[PDB]
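Student: here come the first chain(s), positioned as in the complex:
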Amino acid sequence: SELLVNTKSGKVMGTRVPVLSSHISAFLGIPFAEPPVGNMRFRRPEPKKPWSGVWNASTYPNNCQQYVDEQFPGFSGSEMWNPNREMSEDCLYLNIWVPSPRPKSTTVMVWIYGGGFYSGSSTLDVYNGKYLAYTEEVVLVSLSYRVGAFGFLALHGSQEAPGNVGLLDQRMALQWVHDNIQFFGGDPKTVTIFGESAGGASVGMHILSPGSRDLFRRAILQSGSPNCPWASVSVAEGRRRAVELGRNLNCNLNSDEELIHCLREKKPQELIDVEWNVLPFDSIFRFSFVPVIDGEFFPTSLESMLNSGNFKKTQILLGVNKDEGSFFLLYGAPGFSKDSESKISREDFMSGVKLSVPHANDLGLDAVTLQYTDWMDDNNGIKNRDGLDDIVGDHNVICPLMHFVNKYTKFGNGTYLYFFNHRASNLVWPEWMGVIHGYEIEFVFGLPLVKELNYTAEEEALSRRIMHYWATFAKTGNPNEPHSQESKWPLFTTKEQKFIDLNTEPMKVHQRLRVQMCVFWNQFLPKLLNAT
């Protein structure tokens, strides 16, 4: 049977799914780990014990325990990111979309979801791999991983909660793909890992971590990189935040054993309710429980690893969206609202920059403000709003990514860079937010091919281009067709630093993506803060 696959962990029974007037195979909710419940909470993931009989893989699994967005109840813009399945600590499963008829050995793509390491699901509508699997004839896998304290609580030295276990969740799924994707018609030596935001940073972290490298071939990073200021913390800071989480739940704080025991006793939602109380500063774009620089998963500091070329040498395809910051300002910055144009005054701009550059002293805050203020028109609401949008985007996503790409390209075997700046016609968020964080995903997963979702014809065409770029790159290391008549996406080089726009218009090549601002964020401001 086509829906019956025998793996090293046991037999699995899939389901046949309709896709654009055709059909493909779907293997949903396959376990790759033992349930991390009870005393296994905060622990490293253990491999799933093989099962006798046939595993029912016809429906989506549970989503991992996480915070749920309730800011705009009923609004699709915010609820498209919320878990669409029952939540449970028993959530370590993966999903596989397989073309019909089954391939022998074809390109594999593995999706790692974002959500600031505090949220996310593999089961989201925008992550439905059936369109990409069908159109580009790839085997598409979406993994899951523990988020929040459950996945990233870090008490370094302790073996019961060492930190980074969410990253190890991903690794074990990559291990399972390596070991078992052959039986689904996938090529284990041609696996691309790709992810957005926290997933993009995760991808970059698997490039860096020695234990992770051999488990994939190539990498795609969307709106995230490992060196993002929100993507990791020191062991001390991780320790501090875990102790503080215990303080919020009336735990015995005399030792790690006392603390971990207390936290393992608390219901999932008790941890989630007080999670955000441990952040050290009044901030936006910062998350409580994230990867730690532990000396194991990351041997040394990320920067020293990047400088010495201590990482996997392969091809990477990466890029950013035009307005990465808007989503975070709306949710956490004064003066921003969903139903207004959110024209920001100087006072709110100044509040914004503070929230937005938490680790800065007064001189640092003055430097940022000077860098992003038109002092000829400083009371312009639009300019203050867009300037603040640029600050959050540049500091958190673009400039960290630009530093990663420049460092990686020294030692790597091919880099391709994009700038996604098409604003979707059918998008429910207000105009001022622009090309929002995470809204290239729908084009990557081919949602514009579905008429019911109300995209334009040119948006369908863009989606097909992007999908073909992603899948051709996954196959070859090059998003371009070999001898094709279409305009070529040029290689990113240390010298020329070329990149393309990604929109409905004819391709344009530019150079030095946001270099003026990123020299500020990567070279000048760090020098300023270190001196003062």
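Tutor: Everything's here; your move. Residues are numbered from 1 along each chain as shown, chains lettered A, B, ... in the order given.

Student: okay, CA-based contacts and neighbour counts for the rest of this
Tutor: OK.

Student: let's see stretch A:515-527 as PDB, backbone CA atoms only.
Tutor: Taking C-alpha atoms only, stretch A:515-527 is exported to PDB below (Å, rounded to 0.1, in the frame of the first residue of the first chain):
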ATOM      1  CA  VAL A 515      24.800  48.800   5.000                       C
ATOM      2  CA  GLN A 516      24.500  52.400   6.300                       C
ATOM      3  CA  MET A 517      22.300  51.200   9.200                       C
ATOM      4  CA  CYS A 518      24.000  47.900   9.800                       C
ATOM      5  CA  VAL A 519      27.400  49.500  10.100                       C
ATOM      6  CA  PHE A 520      25.800  51.400  13.000                       C
ATOM      7  CA  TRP A 521      24.200  48.300  14.700                       C
ATOM      8  CA  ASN A 522      27.200  45.900  14.000                       C
ATOM      9  CA  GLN A 523      30.300  48.200  14.200                       C
ATOM     10  CA  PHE A 524      29.600  51.600  15.900                       C
ATOM     11  CA  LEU A 525      27.000  51.000  18.700                       C
ATOM     12  CA  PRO A 526      28.800  47.900  20.100                       C
ATOM     13  CA  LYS A 527      32.000  50.000  20.300                       C
END
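
Student: what's in contact with that stretch?
Tutor: Here stretch A:515-527 makes contact (Cα atoms under 8 Å, 6 or more residues apart in numbering) with A:364, A:367, A:371, A:394-395, A:398-400, A:402-403.

Student: and if we set it to 7 Å?
Tutor: Here stretch A:515-527 makes contact (Cα atoms under 7 Å, 6 or more residues apart in numbering) with A:364, A:395, A:399.

Student: again with stretch A:362-374
Tutor: A:353-354, A:387, A:525, A:528-529.

Student: against residue A:422, how distant is the residue positioned nearest the centre of chain A?
Tutor: When Cα atoms, centre = their mean is applied to chain A, the residue found nearest the centroid is residue A:199 (2.3 Å). Computed as Cα to Cα, to the nearest Å, the residue A:199 to residue A:422 distance reads 21 Å.

Student: go on, residue A:316?
Tutor: 22 Å.

Student: and the strands in the stretch 401-532 of chain A?
Tutor: Secondary structure of the stretch 401-532 of chain A (DSSP state E, counting those that start in this stretch): strands located at A:415-420, A:498-502, A:509-511.

Student: tell me what the longest one is packed against?
Tutor: Under the contact definition 3 or more Cα pairs under 7 Å, 6 or more residues apart in numbering; DSSP states H and E, strand A:415-420 sits against strand A:316-321, strand A:498-502.

Student: and these as a markdown table, adding distance to residue A:252 and mean neighbour count?
Tutor: Formatted as a markdown table, those follow (distance: least, Cα to Cα, whole Å; neighbours: other Cα atoms under 10 Å):
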| stretch | distance to residue A:252 | mean neighbour count |
| --- | --- | --- |
| strand A:316-321 | 44 | 26 |
| strand A:498-502 | 53 | 22 |
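
Student: can you slot in chain B too:
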Amino acid sequence: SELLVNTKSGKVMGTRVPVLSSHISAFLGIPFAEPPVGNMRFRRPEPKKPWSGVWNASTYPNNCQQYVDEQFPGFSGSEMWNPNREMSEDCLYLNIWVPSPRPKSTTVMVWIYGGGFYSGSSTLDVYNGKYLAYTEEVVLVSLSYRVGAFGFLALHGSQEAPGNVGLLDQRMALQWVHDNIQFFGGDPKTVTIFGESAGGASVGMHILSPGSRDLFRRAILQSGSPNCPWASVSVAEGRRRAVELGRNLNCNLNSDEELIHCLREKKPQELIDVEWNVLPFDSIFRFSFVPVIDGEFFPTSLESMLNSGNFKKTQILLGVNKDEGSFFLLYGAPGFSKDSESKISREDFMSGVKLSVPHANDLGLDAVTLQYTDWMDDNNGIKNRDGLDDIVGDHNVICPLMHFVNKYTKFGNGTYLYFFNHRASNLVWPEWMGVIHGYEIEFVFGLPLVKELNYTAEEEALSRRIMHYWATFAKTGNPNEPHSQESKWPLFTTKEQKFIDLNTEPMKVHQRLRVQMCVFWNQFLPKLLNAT
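Tutor: With chain B now in place:
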């Protein structure tokens, strides 16, 4: 007789001079001070003892002892600024141009020459007051003052060389104008002092100094203001430089009396030869012997005086030239030449900024470099050259002036601001230097009215406009004609901050002159250097 004038100091005999196919009176080389020779060197100026008989005032006096530019021998561009008369320590004289027939009581304008407090002459061709006196029917006076160590050697505490004596030279000439200009047909209650660069700073210093205020009515400041970083030094720094000058001339340095005695023994040219050896840094736009903040001429620091409104409240007309920095880069910065386009490399740009911001630490130098570099096109020779030109101009002339004007306008009784950006058609300096420091003077003194000097018709028209602005302002406090059909030069206000361009084109009003860069030089960089 029209050329015979009886003053409080004695009788004076002038000369009749041809001016644009007409004639006016000229009283040249009138003494207002006792010769500051011998033991009077470095001393405060004493008033000229009245004389019996008739003083011969038909020829220009001696110029004060100063450095002579020999970089381009024969070249008019550099030698138009050199002394055109025999040099002598006996140089404290003034020159008066009087309309014919003699006026009863008319507007007086008093010119104070520039030259970095180390050079300058009242007798220069570009300072010939006959054109302005004739065309606008004003009494034009040009004073002289001691420059270099002779005028500004400062050993605070000592009464033999107290410092600021060059400023007091100017004051005593203003005193003489106050007391005697009535006999030449000038109105002593309608005297405007005006000057360029060091003369512009001097004018601003007479606005600040309590001892100077009552001696004039209104003020015009050209390409200079009192708060310029090159325009003054502390008492300690002045003391340090005077001791170091003695060290260069093998002086006994055991006391001020020993030092001053030694320096008074040295021939004038011996002081001039080693003058530039006392500068503390490797720099451009810095001069050895300048005004000191002494507690007398300036009661407190200039900034605190400006903030508390401790200055003369009257009308001011002031402004800057487009390319103030070029003259200084040519003479002192690597990569700049008179006979090439002077395209500057990154290495020479970086050398430039160092020379150019002497009192800055490494973080400060990085801030300036970031502020003026297009990081998309950083190897552009033209952009590096023009950027450096802007750095020198902004830091030394425009931003200091913009800080002065903004502070003054709070308490003043009317401000008028200009931006002179017309490049003369007949100008001998290379193209890259643009609208050079000091090259509005010729338009102010009406040289384009003389056909032999080869200006265009539109340059003659501009000159007549500028002269009429200057003279109407001197007369009324307003450069505009009351009920005139010509477009109005708007008042500079704290709120609107309006200014005009000054060129051959129809008048354009702008706002906030170079505010982006001047917020950097006046607000941010000072905060940076004070922290580090």
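
Student: the contacts of stretch A:362-374 again please, this time with chain B.
Tutor: Applying Cα atoms under 7 Å, 6 or more residues apart in numbering or on different chains, the contact partners of stretch A:362-374 are A:353-354, A:387, A:525, A:528-529, B:528.

Student: sorry, back to before: which of the three states applies to the residue nearest to the centre of chain A?
Tutor: helix (DSSP: H, G, I helix; E, B strand; the rest coil).

Student: do I have it right that it meets residue A:112?
Tutor: Yes - counting by Cα atoms under 7 Å, residue A:199 does reach residue A:112; the two are 5.0 Å apart.

Student: just the CA coordinates for stretch A:442-449, please, in PDB.
Tutor: Coordinates of each C-alpha in stretch A:442-449 appear next as PDB, following Å, rounded to 0.1, in the frame of the first residue of the first chain:
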ATOM      1  CA  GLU A 442       2.500  31.800   2.800                       C
ATOM      2  CA  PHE A 443       4.300  32.500  -0.500                       C
ATOM      3  CA  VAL A 444       6.900  29.900   0.400                       C
ATOM      4  CA  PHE A 445       4.200  27.300   1.300                       C
ATOM      5  CA  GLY A 446       2.200  28.100  -1.900                       C
ATOM      6  CA  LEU A 447      -1.100  29.500  -0.400                       C
ATOM      7  CA  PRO A 448      -1.600  31.900  -3.300                       C
ATOM      8  CA  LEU A 449      -2.200  28.900  -5.600                       C
END
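
Student: which of the residues in it are buried?
Tutor: A:442-449 (16 or more other Cα atoms under 10 Å in any protein chain shown).

Student: now stretch A:366-385
Tutor: Buried-residue list, stretch A:366-385, by 16+ other Cα under 10 Å: A:366-375, A:379-381, A:383-385.

Student: got the CA positions of that stretch in CSV?
Tutor: The C-alpha coordinates for stretch A:366-385 follow below in CSV (Å, rounded to 0.1, in the frame of the first residue of the first chain):
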residue,chain,number,x,y,z
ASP,A,366,20.9,59.1,21.9
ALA,A,367,23.0,57.5,19.2
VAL,A,368,20.0,55.4,17.9
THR,A,369,17.7,58.4,18.1
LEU,A,370,20.1,60.6,16.1
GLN,A,371,20.6,57.8,13.5
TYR,A,372,16.9,57.5,12.8
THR,A,373,15.6,61.0,13.1
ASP,A,374,15.0,63.5,10.3
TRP,A,375,15.8,66.6,12.3
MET,A,376,14.3,68.8,9.6
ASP,A,377,10.9,67.1,10.1
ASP,A,378,11.1,65.5,13.6
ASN,A,379,7.4,65.9,14.4
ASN,A,380,6.3,63.9,11.4
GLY,A,381,4.1,61.1,12.8
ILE,A,382,4.6,58.8,9.7
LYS,A,383,8.4,59.3,9.8
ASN,A,384,8.6,58.6,13.6
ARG,A,385,6.5,55.5,13.2
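
Student: excluding residues flanking it in the chain, which one is nearest the residue nearest to the centre of chain A?
Tutor: residue A:114 (4.4 Å; Cα to Cα, 6 or more residues apart in numbering or on different chains).

Student: picking up where we left off before, the buried residues of stretch A:366-385 in helices, which ones?
Tutor: A:366-372, A:381, A:383-385 (DSSP state H).
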